[PDB]
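In the block that follows, a single chain appears as structure tokens, in the form deposited in one PDB entry.
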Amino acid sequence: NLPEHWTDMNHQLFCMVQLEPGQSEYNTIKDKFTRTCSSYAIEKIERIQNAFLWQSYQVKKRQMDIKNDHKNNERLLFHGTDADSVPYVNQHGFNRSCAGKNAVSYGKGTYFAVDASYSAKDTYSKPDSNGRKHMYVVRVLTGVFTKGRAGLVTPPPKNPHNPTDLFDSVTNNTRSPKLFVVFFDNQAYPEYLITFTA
């Protein structure tokens, strides 16, 4: 069930794997980051191998793939974090109950950015005592989405006369999405941790 490219974790359930510059895997993430964060410098990129988070995420993805009509349900997005949160996210993923209020709120959930520049703001990727900033690269089940609203604690219904049939996520703008908000556990898999500095 675990991806074949992962390092052997010899019965362990969790490993952070340091990537090598020059490998396609490192270079693709560096390029995705530098597209909007060219003024910052990457210290390192770690692949997050969390068996339990992966299993629960892949179950949710299979369900969304069944429910939705041949939709690309998954986007690769960014999430800036403070150093104090990194151990919890690595082990347990993204908990909406711990999320800050966003400067522009489209609901009470976990926020993910299309552009690394957004997540690179000190408000999200707070510099630690050594000047290191931390950003996850995250597989997010955006599914079918609509423009969010500050009051939401779950995604809104697609149809007001069927209140239980929900959008998968919300966004700031359906025409030009720059952020997505998810409201359920195991809808986002933290795949890489970028450590970076000015």
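Only residues modelled in both forms are compared. Between two forms, the rigid core is defined as the largest C-alpha subset superposing within 1.5 Å. In case it trips you up, residue 1 is the first one in the sequence shown, and so on.
Keep in mind the form solved in complex with a small molecule is missing from the figure; the text below concerns it.
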{"item": "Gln91 within 4.5 Å of the small molecule in the deposited bound form, heavy atoms", "value": "no"}
{"item": "Non-hydrogen atom within 4.5 Å of the small molecule in the deposited bound form for each of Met64, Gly143 and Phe167", "value": "no"}
{"item": "Taking the rigid core as reference, consecutive runs of 3 or more residues that move 2 angstroms or more in Cα between this form and the one not shown", "value": "102-104"}
